[PDB]
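First, one chain by itself in structure tokens, the form deposited in one PDB entry.
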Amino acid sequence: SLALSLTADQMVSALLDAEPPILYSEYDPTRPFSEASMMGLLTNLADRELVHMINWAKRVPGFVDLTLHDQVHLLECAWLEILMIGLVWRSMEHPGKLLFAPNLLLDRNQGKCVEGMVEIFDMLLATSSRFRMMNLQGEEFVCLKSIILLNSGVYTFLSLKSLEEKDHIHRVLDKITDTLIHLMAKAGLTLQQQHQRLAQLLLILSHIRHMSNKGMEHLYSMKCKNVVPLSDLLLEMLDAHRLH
């Protein structure tokens, strides 16, 4: 139960150390965009990030204390939300653009290359705009990302000791909550402002969930149309949502 005995500062340190690297896309500027190639680039990248994400998850305090089957469920539920919040964060400093990778920066018109995608882009762009308005800090972002991992899936658990097991997840979520407040208190926010920013931050997660739900149906539509061949991990990740 080491995760429940961390100070806020140690919690923050642990999450910062855990952060995965920023990967490059296989984008070739000498290749003219098509629906297939764009979806090819995005899925290839996402497929490479999933591996790093799995390794990041193991470093989130509390996560390794769960059973393997719990760990699988949380990740199956959250993976696209986690990709999206990382994207939105990377993009905060590039208005009107999404920084999928440092060599792959797309605007909304380039999203129109893929059927149904531009509406997802617009929401992702809107979320980064909100992050920029709020002046979201890196220490707040790594708390939010971990909250997404632990929260998405915590209530859809199929079930024993399930109850007792979930109790541990809620204790960690509470620790992350304390850590956020700690951060905000340290930055000089009054009590009132602390509760207000905490709520604003957590209310963004609702939108991130909605975007993930929409993105998931879009990905599934791409698979069905055979637009791009999807990797076996990404397929498994997608199929876990049991769409149509």
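Numbers for residues come from their place in the sequence shown, where the first is 1. The term rigid core refers to the most C-alpha atoms you can superpose between the two forms while keeping them within 1.5 Å. Shifts are known only where both forms have a C-alpha.
The following text describes the form deposited in another entry, which does not appear among the structures shown.
Conformational change between the shown form and the other one, one of 52, 195, 31, 59, C-alpha moving 2 Å or more after core fit: Shifted by 2 Å or more: 31 only.
With both forms fitted on the core, give yes or no for whether the Cα of residue 16 moves by 2 angstroms or more between the shown form and the other one. No; that C-alpha moves by less than 2 Å between the shown form and the other one.
Taking the rigid core as the reference frame, is the Cα of residue 221 displaced by 2 Å or more between the shown form and the other one? Indeed, residue 221 is displaced by 2 Å or more.
How does the CA gap of residue 44 and residue 222 change in the other form versus this form, closer or farther, if it moves 3 angstroms or more? Result: farther.
Inter-Cα distance between residue 44 and residue 225 in the other form, nearer or further [3 Å or more]: Distance between the C-alphas of residue 225 and residue 44: shorter in the other form, by 3 Å or more.
Using a 2 Å C-alpha criterion and requiring 3 or more consecutive residues, which regions move between the shown form and the other one after core superposition? Runs found: 30-33, 221-225, listed by sequence.
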